[PDB]
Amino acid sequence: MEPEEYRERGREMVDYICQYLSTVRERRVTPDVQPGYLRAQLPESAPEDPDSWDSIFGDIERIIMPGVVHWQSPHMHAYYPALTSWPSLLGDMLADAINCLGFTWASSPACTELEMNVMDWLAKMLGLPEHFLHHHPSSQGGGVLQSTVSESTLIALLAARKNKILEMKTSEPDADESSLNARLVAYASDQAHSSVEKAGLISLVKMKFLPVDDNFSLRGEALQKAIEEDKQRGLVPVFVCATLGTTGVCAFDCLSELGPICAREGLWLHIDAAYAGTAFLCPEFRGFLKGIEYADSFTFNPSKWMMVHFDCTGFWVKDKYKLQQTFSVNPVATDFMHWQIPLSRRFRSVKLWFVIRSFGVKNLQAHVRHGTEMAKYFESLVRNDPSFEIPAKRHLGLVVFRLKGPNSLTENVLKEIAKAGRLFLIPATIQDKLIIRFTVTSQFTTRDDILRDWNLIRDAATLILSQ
């Protein structure tokens, strides 16, 4: 295609996107396809000659959309949100056209410098300590963009185990790094995201999952007991992942208790705030952050609730030296290749910059407040209905609930709802109880959307209960 055709096709794609995102409520959120559905609808080989743009573009509706889960539907209520926005789109359009790589400052200065200044903006927006700012005079720390919280959590564990091994190796300098690694133990809540287990599996570091209280919250007592038990057995506590907004029921570990324990015992304290971190834009949701001064690292996903399209993860460290010694064989700008697993990285900071500036802080805060109010409204509808119960507290955009009685009633409600797929729910379990997780997603979700989805859930319960 010629540049003049790109100008026409770009317009067709902008007009397509505007219509798609505007009318998304009309779509079946979940596709009704079987595994392998696509192969028989595609040629077995790449085309030798150009396919026409009418043919490629045609295939969006004809064969892509029928297999898509519409993550931007107000009726998507599974997992946690992953929200796009107009500004996000426009910013990545620019980054993808420049298509520079920013492994070093030198390889494209703007790619590193915009990211450095925007991560300082974002740390301030979240109410993070000044020691996570690149530009605070006394700081040895800073923020860097990653693709996922999963990888940011793995990097934190990699930095914690490398740091501790280098300190152990000064005493046993004939001892293999890998042998010293055998003695380490890392902790999280039994509510922690599967990425914590997976970071242990990848790093070959022992991971212990600790019991929680009645609010599904990891407490200092449980960490202190595990540390004493594990040191008595010759293990070397190295790392704690404290979760702010667990995946299951959006619970919060008790940072004010875990912080001092991590500081006194020499454990790297990493905060996984993947979903909930966006709420810290609002001063009234910062109570969960109490104890943040003890953190060695902090991560959240703008790519969940802050209307930046995926990939966009914020990762902040107190000590960029400890991070860089993980990733370089020898220990106002920076080469971000030493703050991450790969070499290459792209100009992800444009889309984050455009979202922050297009909305401004007040409209980002209004979005968080609105989504939370939509979840509160949903909650009030459940709480009013004595057929249902709510087995965990709602703090943000996630309500969990179930029909009173055996798990099978809730199982059968989810099955009935999945038949038409007008809203997308996935089950979880908390201890013995099957629950429905209801995540408020789209920034455009209205009270009418919430009542519409509640009424479908109620119709299904009425069907299952009336037999």
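For every residue, the number given is its place in the sequence shown, counted from 1.
ask   = According to the entry, are there none, 1 to 3, 4 to 9, or 10 or more residues of the deposited sequence without coordinates between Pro331 and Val332?
value = In the record, 4 to 9 residues between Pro331 and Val332 lack coordinates.
Comparing 31-39 with 397-405, which has the greater mean CA B-factor as deposited? Taking the mean C-alpha B-factor of 31-39 and of 397-405, the larger value falls to 31-39.
Inset, instruction - Averaging only over Cα atoms, indicate whether 113-121 or 216-224 has the higher B-factor in the PDB entry. - result: So the stretch with the higher mean C-alpha B-factor is 216-224.
**Asked** When you compare the CA B-factors of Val440, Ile426, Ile435, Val69 as listed in the entry, which one comes out on top?
**Response** Comparing C-alpha B-factors across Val440, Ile426, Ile435, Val69, the top value belongs to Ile426.
Review point. Out of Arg183, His270, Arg348, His370, which shows the largest CA B-factor listed in the entry?
Key: It is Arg183.
- Query: What third of its chain, lowest, middle or highest, does the C-alpha temperature factor of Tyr321 fall into?
  - Reply: Top third by C-alpha B-factor.
Practice item. Would you please rank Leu258 by its C-alpha temperature factor against the other modelled residues of its chain and give the third it falls in: lowest, middle or highest? Key: It falls in the middle third of the chain.
(Q) Quick check on the deposited entry: does the C-alpha B-factor of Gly245 sit in the lowest, middle or highest third of its chain? (A) Lowest third of the chain for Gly245's C-alpha B-factor.
Tell me, lowest, middle or highest third: where does the Cα B factor of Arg383 rank within its chain? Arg383: CA B-factor falls in the middle third of its chain.
- prompt: Lowest, middle or highest third of the chain for the C-alpha temperature factor of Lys304?
  reply: Answer is lowest: the recorded C-alpha B-factor places it there.
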